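Working notes, structure below.
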Amino acid sequence: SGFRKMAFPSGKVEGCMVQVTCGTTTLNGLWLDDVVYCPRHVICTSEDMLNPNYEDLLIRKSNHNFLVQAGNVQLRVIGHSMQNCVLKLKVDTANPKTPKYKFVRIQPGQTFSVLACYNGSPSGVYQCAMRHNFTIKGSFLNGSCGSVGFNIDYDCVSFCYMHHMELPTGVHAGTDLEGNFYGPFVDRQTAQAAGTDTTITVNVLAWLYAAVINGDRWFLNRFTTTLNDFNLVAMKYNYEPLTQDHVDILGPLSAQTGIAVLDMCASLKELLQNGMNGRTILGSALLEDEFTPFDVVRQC
Amino acid sequence: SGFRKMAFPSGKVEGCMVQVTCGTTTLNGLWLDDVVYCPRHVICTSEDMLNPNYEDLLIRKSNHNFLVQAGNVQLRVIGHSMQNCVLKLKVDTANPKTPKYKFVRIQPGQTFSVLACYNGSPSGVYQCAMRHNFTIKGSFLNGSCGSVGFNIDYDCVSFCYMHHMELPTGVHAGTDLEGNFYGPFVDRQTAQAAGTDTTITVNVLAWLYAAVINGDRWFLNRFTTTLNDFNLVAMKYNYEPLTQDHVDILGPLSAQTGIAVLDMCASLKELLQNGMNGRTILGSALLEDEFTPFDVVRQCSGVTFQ
Ligand SMILES: CN(C)c1ccc(N(Cc2cc(Cl)cs2)C(=O)Cc2cncc3cccc(O)c23)cc1
Ligand SMILES: CN(C)c1ccc(N(Cc2cc(Cl)cs2)C(=O)Cc2cncc3cccc(O)c23)cc1
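This is how it looks when you write it as structure tokens:
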């Protein structure tokens, strides 16, 4: 039984974490084969941060400017090029602990594990998901830039997030492992604000199905709804409109529990329309949208 | 900024995880040096677990009736011994991935990461607190037996938990890597139930302390309280009575954030006598007692681990 906000075994990612130092700026890097990936604003300073010209600032750099320390070893960088907002660094030695890896770009609502690191050494691991405003809510302090999000399915590790900045609202933004920012954000200190965050409707329903598996059924009702009726209620509560694709992906859980997906929407509709009543679902007194349908099946 | 349920990096632990197979039963082991640790109920069949005779099922076993495997590699068993509810298995090859480790037993209210393993392969890591009925609100299925709980201090691992059973309330309990059970539990299949629980007060205060640091400060009030005044209300609401040493542990937080402990105990006392009134603290509709003060220090200072 049981259900928890469980993350992935971080061991693969820890063996790839290095500490990149450029000038007086020190952030973590990700050492994969002969390349060390890190946010390109490592070459930037606060003065340049407003509207930096990275290509201009990069050609003014040489390999003797970049200090990479994988524990007690200084790494001989032999190449510096850019790829969007991710800075890549060629080195003479491939990382011995490099796992089978792949670079992916996730869609909003997808969950991934984050290895929070400071000065190249891991500090902790937690589970995050990509909000629909293209931000994440993880715990990050200054110097955590370069920490990565990932998802280990099979031996292969799917890198999908690199941490770059924290927004004024406290949420965090980043890029895929190719430097493309999630959302409209750019690697500049200029005023950027996060769009209003909608609740993940599909993940809450998947989380509910997990509860039924574990035995909680108080939220269930005899009602059902048409899909159009439910999304009209959902946006009233700042929820995400639910696609037919979302219904199809919730089918696998529907079969195992016997509850129709739209039948489960009615329980969600009543739950929003009434409240938690003090009772809890899986120990949570709120509705958890950080569990994709895949997460529910994998753990249950 | 931001607050998350964060666990220790599992990498040191993953390199100790092995599978153990005795007879028909397969479960997880922990390979440290030339000895692997697994719960002693591996030798048991479901028929035998009704009335087990653990001493006698040992000597019947031979040194080749334990199929231990580290990935595809298969380890060669030298000898076996039982230490309480934990079975120790000597093997020919000492583990080259053995980290700086030590066996610790945590007191209730302590938190620790629990790497979840199935068939000797790590599957997930999550943070658990030792509840005061001595159980764990964790996620476990069949084959999860042998998963261990641990803490990382400096570069030293602290193995503190081993998972054996699942109670019928959906909670879990086990031992302290020396076979010594946590709470009134035995490793047999005969009618064990989880005792009534009390909220960990000190981990609630630290959690509220975190809310202040990450902006959320609605709950603060001008008043202050006193241990005896507060604790009297605490027993009524099935809360832990707050002791002297609890405040000293929370002392660093009160200094770093600037509001007094007994001032903050007041914000809890009013909260536990008025409800949250629809407000959410760090976006949670209920109080969280699964964050020790050292846990939030680890997250508000970013203590790295080598
Ligand atoms: C000059 N330099 C090294 C530098 C480094 C980081 C930043 N920024 C601002 C921007 C980054 C980008 Cl990209 C566009 S603006 C950061 O946001 C850093 C940061 C990252 N994660 C968590 C944090 C938590 C608290 C405070 C922080 O500063 C945090 C600015 C300049
Ligand atoms: C025969 N054998 C190896 C065996 C191993 C474990 C058990 N038990 C029952 C007892 C364990 C102890 Cl100690 C005293 S009774 C377990 O509880 C195992 C278990 C653990 N966690 C999650 C589970 C989820 C579903 C089903 C499970 O069986 C789960 C019974 C027999």
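Going down the list, the protein sequences come from chains A and B. For the first sequence, the deposited numbering assigns the number 1 to the initial residue and increments by one for each residue that follows. For the second sequence, the deposited numbering assigns the number 1 to the initial residue and increments by one for each residue that follows. For every residue, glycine included, the Cβ atom is placed at its ideal position computed from N, Cα and C.
CB contact check: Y126/B to chain A, cutoff 8 Å: Along the second sequence, read from residue 1 onward, the residue named residue 126/B stands at position 126. Interface residue, yes.
Contact the region 240-248 of chain A vs the region 195-207 of chain B: 3+ CB pairs below 8 Å: Taking a cut-off of 8 Å on C-beta distances, the region 240-248 of chain A does not touch the region 195-207 of chain B, as fewer than three cross pairs fall below it.
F181/B beta carbon near ligand 1 (any heavy atom closer than 7 Å): Within the second sequence, numbered from 1, the residue matching residue 181/B stands at position 181. False, no ligand heavy atom lies under 7 Å from that Cβ.
CB contact check: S147/B to chain A, cutoff 8 Å: Translated into positions along the second sequence, residue 147/B becomes position 147. Chain A, which has no Cβ nearer than 8 Å to the Cβ of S147/B, makes this no.
Beta-carbon neighbours of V303/B, restricted to chain A and to distances below 7 Å: Position 303 of the second sequence, counted from the first residue, corresponds to residue 303/B. Neighbours of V303/B on chain A, chain order: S123.
Within 8 Å of chain A by C-beta, residues of the region 215-242 of chain B in sequence order: Interface annotation for the region 215-242 of chain B against chain A: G215, criterion Cβ-Cβ distance under 8 Å.
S123/B - containing beta strand (DSSP E), residue span: What you label residue 123/B is simply residue 123 of the second sequence in a count that begins at 1. Note, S123/B: beta strand (DSSP E), 121-129.
Counterpart residues of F112/A in DSSP-defined beta bridges: On the first sequence, residue 112/A is found 112 positions in, with the first residue counted as 1. DSSP lists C128/A as partners of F112/A.
Pocket of ligand 2 defined by Cβ to heavy atom distance under 7 Å: Proximity to ligand 2 was defined by a C-beta distance below 7 Å to any of its heavy atoms, and the residues meeting it, in sequence along the chain, are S1/A, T25/B, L27/B, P39/B, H41/B, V42/B, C44/B, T45/B, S46/B, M49/B, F140/B, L141/B, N142/B, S144/B, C145/B, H163/B, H164/B, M165/B, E166/B, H172/B, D187/B, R188/B, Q189/B.
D248/A beta carbon less than 8 Å from that of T224/A: Against the first sequence, residue 224/A aligns to sequence position 224. Against the first sequence, residue 248/A aligns to sequence position 248. No, Cβ-Cβ distance for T224/A and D248/A is not below 8 Å.
Burial state of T93/A, where buried means 16 or more other Cβ atoms lie within 10 Å: As a first step, residue 93/A is located in the first sequence; it is residue number 93 there, counting from the start. Exposed, because fewer than 16 other Cβ atoms sit within 10 Å of the Cβ of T93/A.
DSSP state of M49/B mapped onto helix, strand, coil: Translated into the one-based positions of the second sequence, residue 49/B becomes position 49. In the structure shown, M49/B sits in coil (DSSP, three-state: anything other than H, G, I, E or B).
Those runs of the beta strand (DSSP E) which lie wholly inside the region 7-53 of chain A and span at least 3 residues: Qualifying beta strand (DSSP E) stretches, in chain order: 17-22, 25-32, 35-39.
Sequence-distant residues of its chain with Cβ nearer than 6 Å to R131/A (five each side left out): Walking along the first sequence from the start, residue 131/A turns up at place 131. For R131/A, where only same-chain residues beyond five positions count, the Cβ hits under 6 Å are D197.
CB contact below 8 Å: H64/B versus chain A: As a first step, residue 64/B must be located in the second sequence, where it is residue number 64. Chain A, which has no Cβ nearer than 8 Å to the Cβ of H64/B, makes this no.
Neighbour list for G174/A in chain B, Cβ cutoff strictly below 9 Å: Locating residue 174/A in the first sequence gives position 174, where the first residue counts as 1. What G174/A touches in chain B, judged by beta-carbon distance under 9 Å, is nothing: the nearest beta carbon there is about 13 Å away.
Beta-carbon separation (whole angstroms), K12/A vs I152/A, contact threshold 8 Å: Stepping through the first sequence from its first residue, residue 12/A is reached at position 12. Stepping through the first sequence from its first residue, residue 152/A is reached at position 152. Contact holds; Cβ gap of about 6 Å.
Beta-bridge pairing of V68/A - partner residues as DSSP gives them: On the first sequence, residue 68/A is found 68 positions in, with the first residue counted as 1. Paired residues: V20/A.
Span separating the alpha-carbon of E166/B from that of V77/A: Translated into the one-based positions of the second sequence, residue 166/B becomes position 166. Translated into the one-based positions of the first sequence, residue 77/A becomes position 77. Computed Cα separation, rounded: 52 Å.
Coil, strand or helix - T257/B by DSSP: In the second sequence, the residue the question calls residue 257/B occupies position 257. The answer is helix: DSSP assigns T257/B an H, G or I state.
Other residues of its chain near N63/B: CB distance less than 8 Å, five sequence neighbours each side excluded: Taking the first residue of the second sequence as 1, we reach residue 63/B at position 63. Its chain contains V77, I78, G79, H80 as the residues whose beta carbon lies nearer than 8 Å to that of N63/B, once the 5 sequence neighbours on both sides are disregarded; these appear in chain order.
Start-to-end residues for the beta strand (DSSP E) that takes in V202/A: Translated into the one-based positions of the first sequence, residue 202/A becomes position 202. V202/A -> not in any beta strand (DSSP E); alpha helix (DSSP H) instead, spanning 201-214.
Beta-carbon contacts of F140/A that lie in its chain and below 8 Å, excluding the five residues immediately before and after: Walking along the first sequence from the start, residue 140/A turns up at place 140. The beta carbon of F140/A sits closer than 8 Å to those of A116, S147, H163, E166, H172, all from its chain and outside the five residues before and after it, given in chain order.
Residue span of the alpha helix (DSSP H) that contains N231/B, given as start and end: Locating residue 231/B in the second sequence gives position 231, where the first residue counts as 1. Note, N231/B: alpha helix (DSSP H), 227-236.
Nearest neighbour of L32/B, chosen from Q110/B, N274/B, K100/B [CA to CA]: Walking along the second sequence from the start, residue 32/B turns up at place 32. Nearest of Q110/B, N274/B, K100/B to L32/B, Cα basis: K100/B.
For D295/B, the first and last residue of its enclosing beta strand (DSSP E): On the second sequence, position 295 is the one that residue 295/B refers to. First-last for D295/B: 293-300, but that is the alpha helix (DSSP H), not the beta strand (DSSP E).
Spatially closest choice to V296/B from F181/B, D56/B, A7/B, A206/B, by CA coordinates: Position 296 of the second sequence, counting from 1, holds the residue named residue 296/B. Of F181/B, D56/B, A7/B, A206/B, the residue nearest in Cα terms is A206/B.
Reference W218/A, options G71/A, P122/A, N277/A, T24/A, closest by Cα: Residue numbering aside, residue 218/A sits at position 218 when the first sequence is read from its first letter. Out of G71/A, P122/A, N277/A, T24/A, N277/A has the C-alpha closest to the C-alpha of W218/A.
Presumed contact (8 Å Cβ cut-off) between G138/B and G215/A, rounded CB distance: In the second sequence, the residue the question calls residue 138/B occupies position 138. In the first sequence, the residue the question calls residue 215/A occupies position 215. Not a contact, Cβ separation roughly 16 Å.
Contact with chain B by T135/A, beta-carbon distance below 8 Å: Taking the first sequence and counting its residues from 1, the one referred to as residue 135/A is at position 135. Closer than 8 Å: no.
Reduced DSSP category for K100/B - H, G, I as helix; E, B as strand; rest coil: Counted from its first residue, the second sequence places residue 100/B at position 100. It is coil, neither helix nor strand.
Neighbourhood of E178/B by C-beta distance below 7 Å, restricted to the same chain and skipping five residues each side: Residue mapping note: residue 178/B aligns to position 178 of the second sequence, counting from 1. Once the five neighbours on either side are set aside, the close Cβ partners of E178/B are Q83, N84, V86, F103.
Beta carbon proximity, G109/A to chain B, threshold 8 Å: Residue numbering aside, residue 109/A sits at position 109 when the first sequence is read from its first letter. Chain B, which has no Cβ nearer than 8 Å to the Cβ of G109/A, makes this no.
Proximity test, Cβ basis, 8 Å: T199/A and chain B: On the first sequence, position 199 is the one that residue 199/A refers to. By this cut-off, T199/A is not an interface position.
Positions along the region 4-32 of chain A whose CB lies within less than 9 Å of some CB in chain B: If the cut-off is 9 Å between Cβ atoms, the region 4-32 of chain A has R4, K5, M6, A7, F8, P9, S10, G11, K12, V13, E14, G15 near chain B.
Whether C16/B touches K97/B by CB criterion (8 Å): The count along the second sequence starts at 1 and reaches residue 16/B at position 16. The count along the second sequence starts at 1 and reaches residue 97/B at position 97. Yes, these two residues count as a Cβ contact at 8 Å.
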